[PDB]
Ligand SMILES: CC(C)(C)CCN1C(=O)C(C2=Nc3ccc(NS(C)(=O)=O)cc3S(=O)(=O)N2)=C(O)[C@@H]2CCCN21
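Single chain ahead, by itself, as structure tokens, in the form deposited without this ligand.
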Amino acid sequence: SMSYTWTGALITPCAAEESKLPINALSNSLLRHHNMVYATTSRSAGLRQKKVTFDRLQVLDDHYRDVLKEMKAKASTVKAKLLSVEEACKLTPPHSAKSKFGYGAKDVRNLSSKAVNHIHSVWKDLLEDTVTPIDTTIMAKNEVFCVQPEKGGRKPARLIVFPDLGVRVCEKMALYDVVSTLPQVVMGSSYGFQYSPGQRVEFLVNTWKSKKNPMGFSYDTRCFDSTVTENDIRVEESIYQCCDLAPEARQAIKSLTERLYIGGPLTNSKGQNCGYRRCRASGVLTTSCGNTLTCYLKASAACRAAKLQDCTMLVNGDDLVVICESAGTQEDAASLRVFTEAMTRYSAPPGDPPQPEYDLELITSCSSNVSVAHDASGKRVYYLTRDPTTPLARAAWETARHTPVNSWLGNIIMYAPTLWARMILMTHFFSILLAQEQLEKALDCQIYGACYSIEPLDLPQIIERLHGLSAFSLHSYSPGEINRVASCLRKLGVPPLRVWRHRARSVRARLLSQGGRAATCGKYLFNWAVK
């Protein structure tokens, strides 16, 4: 079936949309060539629709069936509970989209009688009606990127499809305890979301070093959510039902599967019908867990189809990396083509063909890669980095505007050991905090979980806990990493590293002069700048 059917009504916005980088004193100081940075809007939605809309063919084989049996066996050892309305409310994110039924996320979290009575009514209805498709909203995402002048400049907006807030809370009642424990048990060390950046590095490096002649590749599925079939979503449901669950959870999980997860009608922000979905909804509770299980299942089967030797997989939703024993150059090339044909048969055809890699540094998984540097004693230290283009573009945007989502601080935390986060992001933002006397003021931050209220002065302690103390003394980065940062600085028109080291030497100076916790920041975050 077609992943989507459309009526012709437009995907519409709910507010003014900016496509152009606010141009400037502070932001220009970071990034000069401002026309390379753009944001997506509803205007490009029409073209994303084209991309994500296609027929799916799916032919399963016994490799798939065997793997699914194994997964169900592990699932059968899992016990999970229903969350009460009140638990599900307290676990609702603070900025999540309001209900059309007259309450918002703050009401949910504060256990408002209105939200609570409503959610209670949605839950009854899930149990008593296992049929009627549940409404969803479709919207174009507003995200910031750099032009990719040579994979068209601007990409169109990605789409998000979500049910009403009331339903989202009921999803947690039925499934929060399942999605938060089940993939771990089924997939073990292949379950990517159990790892901090450092633990991800440890797994990848140990996996890589364990092969005599390692080969690895990332596998990029073309529009993964769109490739997920009805059968895939029912298979997911059958894995959930292998768990030892409460009677009401089983009923609600079945009902959510039938009425919401398999598909349903799509409504724009103006209330008209945009069309119909028969693939993964991007904005449900089970998006991540479901994509993970489904990717793992298809990929494990395809590894067997391709007869790849001593395969180790790491899966984060639609994001897949495999590391195996090389059979030789041409052998690997052939086996990866066979892997890809199996994935394609399972309804997960690729964006660009996967390529075998023989250098761990060149494998990008979750937009990141392992690199190496050395600490103060001279020992090799592996760490997670990424291409700094999107982080820098977004940091420039956030220098122009206020935001709950100032990604710059999340990037500083998650990528604290990197050359670019240390020399550029820390320097740039601490310069601004100092000048504006906002060093002590808490800022909202989306980490790859909740929303945190982070005091900048807590950064040394956060980084120490997450990265360890070597984060404050890494030196002698790889030539590939340095190259990539250098080319990105040129591309975007960021001042060279000379100009950052330098500027940081002055930032370190305010900080140390301020004494106290500000001096601790100068001391640990900027020890690289002095000597």
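Note that the rigid core is defined as the largest set of C-alphas that superpose within 1.5 Å between two forms. One-based numbering along the sequence shown.
This next part talks about the form deposited with this ligand bound, which is not shown.
In the entry with it bound, every residue of the candidate spot (200, 317 and 366) has a heavy atom lying within 4.5 Å of this ligand. None of 235 to 243, 179 to 187, 408 to 416, 110 to 118 except one has non-hydrogen atoms within 4.5 angstroms of this ligand in the entry with it bound; the exception is 408 to 416. For the residues 77, 231, 288, 309, the 4.5 Å heavy atom test against this ligand in the entry with it bound is passed only by 288.
Out of the listed residues 123, 103, 193, 382, 193 is the one that sits within 4.5 Å of this ligand in the entry with it bound by at least one heavy atom.
Using a 4.5 angstroms threshold between heavy atoms, residue 449 counts as touching this ligand in the entry with it bound. Core superposition between this form and the one not shown leaves every listed residue (80, 454, 284, 134) with a C-alpha shift below 2 angstroms except 454. With the core held fixed, residue 360 shows a CA shift below 2 Å between this form and the one not shown.
When the rigid core is held fixed, the Cα atom of residue 441 travels 2 angstroms or more between this form and the one not shown. Annotation for residue 14: C-alpha shift under 2 angstroms between this form and the one not shown, rigid core superposed.
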